[PDB]
Every structure is written in structure tokens, then in C-alpha cells.
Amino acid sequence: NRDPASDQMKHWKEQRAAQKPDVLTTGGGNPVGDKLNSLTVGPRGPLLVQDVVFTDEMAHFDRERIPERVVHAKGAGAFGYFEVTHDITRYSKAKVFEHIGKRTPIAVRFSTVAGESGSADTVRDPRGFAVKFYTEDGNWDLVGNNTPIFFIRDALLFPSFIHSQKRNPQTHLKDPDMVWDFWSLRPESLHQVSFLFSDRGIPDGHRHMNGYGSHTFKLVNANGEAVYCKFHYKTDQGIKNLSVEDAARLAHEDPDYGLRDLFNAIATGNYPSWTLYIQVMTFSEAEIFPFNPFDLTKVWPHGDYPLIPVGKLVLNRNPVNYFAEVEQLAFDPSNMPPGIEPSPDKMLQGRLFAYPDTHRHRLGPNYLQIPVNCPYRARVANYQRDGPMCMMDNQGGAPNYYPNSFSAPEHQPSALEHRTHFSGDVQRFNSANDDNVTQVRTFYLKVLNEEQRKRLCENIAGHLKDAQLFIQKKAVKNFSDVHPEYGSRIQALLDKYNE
């Protein structure tokens, strides 16, 4: 006998006891007489159109694939619940935080960023950690990563950043020139690049890394008072990372290391968990913060803004069918219930649009009707209708226009968003020159120790060495801006690689 993941089929068979196998049918439900031999004219004659068993099956096979996620294509999913352990109702009226002991079902998907569906799990890259809470007030999607920050601070640079991390448009090869030219030209990336090339760049599976909302969000209480916050979900299994050596080995040995690690852990009752915390910053404090409180390349020092306990995230259920439950999972940062709102963070603002948008393309206009994406703990009632692949009853014969005099769904003023005053010109304000080095300096010499600083520089050099010399120079200049030694150590390694 072997690991549970390996015995997937064996277990499916034994669980079907002595039940006779079902009758094999066409998509239309017609029993099939023989699905192993095609309908031909004579033993060695041509195939007939009349063989609709063949066409029915082949036509479906021909349409099995859907486009992969534009980013975070390689991933793993699991399900479980969220449980409130502490009272934060003074900050947010969100039903999900309603009362201690309150449980809400959740869906989670882990993933890498740049690699396609067939890529390896154990590679250096940020890690997606999206959590879907099916609440009474609809779904709340906390689409986070294994890092509290990111490489850029304005959504207009996202497509270009992703492109630079992907393949060359002509050769279809990973291109260090594209990678470092972009990062060297955009030093705001220094903070996350430092995180990326540290030990945390390659977590050991998905159970040994933390999750972060990254962005500054807004919480609103029952009295309509608002504060800004940040979400943190620390792994209860402890932080564990893979060495560059073992990561590379597993890259070919088991491209799906993260997938099987998670499935087996849950299958054996070793359910992984995370503790959800929040940091709170009042509007007054946000106006005095030394940097842009809504700058995604910045963190909120824990000493000034301590973590507040909220609850626990537990994954105790594996998907039964990956494609249906994980490949089709759709997380939308715009999916926020009353009590939780976005901040003016330029990046988050862009994500408000991008996710539902790419989902309408990747899955389809009615992707929210796919079981895993349905807010099944809520009652979806509105004036939206039709669209391709419309399931259910399309809200039946209910009046489809609002307002109406026929008792159809009514909006609820209780759900109105919190109001903030803004004053300024409609312009494209430059954020390229906000502080790009201060917090990186503290990360380098305060957060990391001597051994991980050495590893950090070797990891960077090992990749930067493949870029052109003028790019290497520019990149080293930025690192030096953070700290002379940071750049010096990298430069020293580059001179070696450069023979």
C-alpha cells in the first residue's frame, strides 16, 4: 500500500462496494453498446458519420481545455472553514466576524506566478494564497500572496511586469534581460525582490508559508466608523523553505510537489491551519504615516501597528474533481461584504476591475454560476439575466427591471459604503519616486541575518549574471542605494560569474 494520493483510484473502487458499474452513455444519456470499436463499412473500411458515439465523445474531448489563468496558472486547491476566535466587531460589522465560534466555509487555492500549467511547483516565485469565504452577505474573496508587499505600486505597470517575468515574445524562452531591465528601471521593486530572493522565495509546499492581504483595506463598523487595516494569516505549521538545491531536484523529480503534499496532508487527517490577524491604522494615523499608507511596496511596522487576533483558517477537505473545483475557481477582490471595503491603493483599485474581467473571459460570462464560485450561503437576487451557459432558472419570471411595482428585489441602504472626502485634480500623479529604499534597508540589515544576506546576494547574482552588463550595472546601482554592502556583495559575485 502507498500514499493516499497514489491510491486515489484504488479507494474510489473499494468505496463503490459491490455496486454494479453504471451504464456507459453518450452525453445525451443514450446507452452505448460498444465504445471500443468504431462503426465502419466492413472490417477494413471507412468510418461512418452515423457513429454518433464516436463524435459525441471526440467532440467533447476536443473541447476539454479552457485558457489557463493569465498569471498563477500552476496551483493547488483545498476546502475547509474559517472560525472566529476573537471579537473585532468594533472595527468591522462584517457578518463573517459576527461572533466568537462563528464558522464560515472557505475555498483556497495556492499557486506560483509566472509558470504555465505544466511548470514545476518548487521554483523561486511569489505564492498565491487566495481565500474565498462563503458568507451570508455573499462571497468575500481575500486574494492574497505569501508576501505582504509587491514589486510595483501602480496597476498600469502590472501587464508589463508580468510580461517581463514570462517568455520572450519571439523565442518563447525565459529572458533575464527582460526580467532585470524592468526591475532595474523600476527600483520600487527592490523591497519585494529582496523578499523573493531570500529563503522565503521557495516555500516547502503550501502549508509552511504565511498568507497576506498585502493591500491596505478598509473596515467599517455598525456605527459607520472606519479604519484602515491589513490582513495577515500566519501558518500554524511553521515557516519552512526548500534550499535552492532541493528545489531544483524536486523541479524534475516531482513537478507537482506542492500538489501532492497538500492532498496527502489533508487525506491523512493532518489538516493545515493559519491564524488570521489584522493590523489597524486610523484615518488620522494614515495621514501622518511616513510613507503612502496605501503603497503596496510598503509594510506597516508591527511595533507601531501590532497584529490583532481574529480567527482560524482550517483546510480539511480535498477537492473531488480538480478541474471542476480548482481549475474553475474564481476569486474577485471586488467580492467584499458590508463591513469590508477597499482603500485608495492604486494597485488594489486596478484589481477591482481585472479579476471579474479576466474571469468572464477564462471561464465565461456566467462563471459565478459554477458551483465552486456560487455564493451558496447567500441568496442571489437581482436584475441580471441571460448570458451564455445560463444555469438554474435564470431567476424565473421575476420582474427584470428596477425600480418596479411588483415586489422584486430591493436594495438595502444598510449596505451603503462608507464615505471619504477627496479633493484634487483629475491627473496621473507620479508615484515612481516615492521612497524605494528605506524599508528595504531595514529588511536587509535588520530582518535578515548574516547567513541569509549572503544567500540573498548569491541567489540574486545567480540570476542577474545572465543579463547584459549595462543591466547588471543599473541593477547593482539600485541595490547600492539600499545599502553599499548590498550592492557590493552582489557585484562581487557578478564579477566571478562574468569570469
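Note that residue numbering begins at 1 and tracks the sequence as displayed.
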| query | finding |
| --- | --- |
| Of 347-355 and 97-105, the stretch whose C-alpha atoms average the higher B-factor in the entry | 97-105 |
| Mean Cα B-factor comparison, 234-242 or 335-343, giving the higher one as deposited | 234-242 |
| Candidate set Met389, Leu315, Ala330, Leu250 [ranked by C-alpha B-factor, highest] | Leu250 |
| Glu68, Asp51, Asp466, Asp62, ranked by C-alpha B-factor: the highest one | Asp466 |
| Third of the chain, ranked by Cα B-factor, where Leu456 sits | highest |
| Third of the chain's Cα B-factor distribution that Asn436 belongs to, per the entry | middle |
| Third of the chain's Cα B-factor distribution that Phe289 belongs to, per the entry | highest |
| Among modelled residues of the same chain, the CA temperature factor third for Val320 | middle |
| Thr442 - which third its CA temperature factor falls in, relative to the rest of the chain | highest |
